[PDB]
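We're numbering straight along the sequence, starting at 1. In what follows, every heavy atom counts, from backbone to side chain, and hydrogens, waters and symmetry copies are set aside. Start at 1 and go down the list; that is how both ligands and their atoms are numbered.
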Amino acid sequence: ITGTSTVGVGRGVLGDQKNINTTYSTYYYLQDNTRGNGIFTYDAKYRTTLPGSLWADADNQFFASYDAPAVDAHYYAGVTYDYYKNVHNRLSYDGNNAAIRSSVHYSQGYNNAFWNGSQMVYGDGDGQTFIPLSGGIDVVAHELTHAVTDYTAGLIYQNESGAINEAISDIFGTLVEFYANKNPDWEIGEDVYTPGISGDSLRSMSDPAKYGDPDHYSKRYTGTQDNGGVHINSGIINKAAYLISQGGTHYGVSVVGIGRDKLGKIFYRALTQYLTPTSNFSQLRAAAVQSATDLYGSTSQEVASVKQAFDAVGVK
Ligand SMILES: [Ca+2]
Ligand SMILES: [Ca+2]
Ligand SMILES: [Ca+2]
Ligand SMILES: [Ca+2]
Ligand SMILES: [Zn+2]
């Protein structure tokens with residue numbers, strides 16, 4: 001809507017206070033006009049109809065329990081937009097400042113979050129397995145990254161291409177978590193997963209096997225479940241990304257870490273310049289090697305580490 005840009009205050013899912021960009025026109029709306037064509041957050045009101053109604057508030061103060069998921073979805077979408085703009089010089093997900101839209105309070109006791117091809121959607125969780133999903137910065141960044149992938153490589157959400165699609169979202173979800181410096185780690189969804197259990201997460205990039213996901217190509221899932229194991233086989237790529245950044249010895253293969261910044265640069269270039277809709281793991285290796293070569297030279301330590309990392313996880 002058309003109005004005056006202002007700043008409100010509220011509390012997120014984890015009880016932390018933060019300032020959020022809003023728009024005033026009779027009501028205060030969760031509409032951030034400071035980033036691209038805007039960031040809009042909607043209330044799905046426990047229904048499945050999308051996007052719902054643009055979030056309206058009477059006093060620009062969002063401290064109600066019902067407001068929490070909206071506060072975080074709105075705020076973290078902003079942080080993710082900043083990451084892509086400041087670190088990769090990318091304006092929004094389409095590269096042309098497309099408006100970012102998110103709907104919270106989707107359905108009842110819904111344990112997932114997703115990008116539906118047009119916007120992000122967040123469930124509130126069942127209170128046991130998950131609390132409102134927008135409370136996790138890595139979750140929000142994971143979802144917005146699916147939008148970036150859709151407008152670039154266009155990786156099909158099935159089999160190996162789908163596993164890469166998923167890994168890319170976990171990789172950048174984690175890099176954004178480090179960017180925001182919010183208790184960063186190489187785990188996925190730890191802030192909103194199982195509130196009754198501390199120290200766990202949905203997936204682990206440092207050690208995928210911790211939760212039963214493969215950490216080597218020889219252990220890849222070849223079934224039909226989960227669209228060919230897109231959330232399972234992503235562990236093979238996540239482990240490779242972790243090794244490239246942090247280094248380590250995996251299955252007898254030693255990798256010298258080159259850091260998170262370079263990891264981000266290499267994968268962003270691979271995603272936007274070399275990957276295609278049907279790229280498989282072997283092609284991802286080639287794309288990553290070529291990207292590192294473009295940026296640091298064929299005889300660089302960076303290229304060597306990328307090769308070692310993929311060798312470690314058995315991707316030739
Ligand atoms: Ca209020
Ligand atoms: Ca964390
Ligand atoms: Ca995390
Ligand atoms: Ca937990
Ligand atoms: Zn995903």
Side chains of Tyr81 and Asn97 only: does a donor on one sit below 3.5 Å from an acceptor on the other?
yes
min-distance N/O/S atom, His142 vs the Zn ion (ligand 5), resolves to NE2
Which atom of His146 approaches the Zn ion (ligand 5) most closely (N/O/S)
NE2
Under 2.8 Å from the Zn ion (ligand 5), can any N, O or S atom of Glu166 be found?
yes
Contact flag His231/the Zn ion (ligand 5), N/O/S atoms, threshold under 2.8 Å:
no
Looking at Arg11 and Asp67, is there a salt bridge between them, counting it only when a charged N and a carboxylate O are closer than 4.0 Å?
no
Regarding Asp32 and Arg35, does a basic nitrogen lie under 4.0 Å from an acidic carboxylate oxygen?
yes
Step by step, work out the side-chain hydrogen bond (donor to acceptor under 3.5 Å, both in side chains) result for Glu166 and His146.
CA-CA 8 Å; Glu166 268 302 299; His146 274 309; 2.9 Å; yes
Between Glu302 and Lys265, is a salt bridge (charged side-chain N to carboxylate O under 4.0 Å, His left out) present by the stated rule, with each step listed?
CA-CA 11 Å; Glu302 289 76 9; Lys265 286 181 178 178; over 6 Å; no
Tell me, please, if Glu177 has any N/O/S atom, main chain or side chain, under 3.0 Å from the Ca ion (ligand 2)?
yes
Backbone or side chain, does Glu190 get an N/O/S atom under 3.0 Å to the Ca ion (ligand 2)?
yes
Can you tell me the angle formed at the Ca ion (ligand 3) by OD1 of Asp185 and O of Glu187, to 10°?
80°
Which atom name does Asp138 have for its N/O/S atom nearest to the Ca ion (ligand 3)?
OD2
Looking at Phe178, does the NZ or CZ of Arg260 lie under 6.0 angstrom from its six-membered ring centre and within 45 degrees of the ring axis?
yes
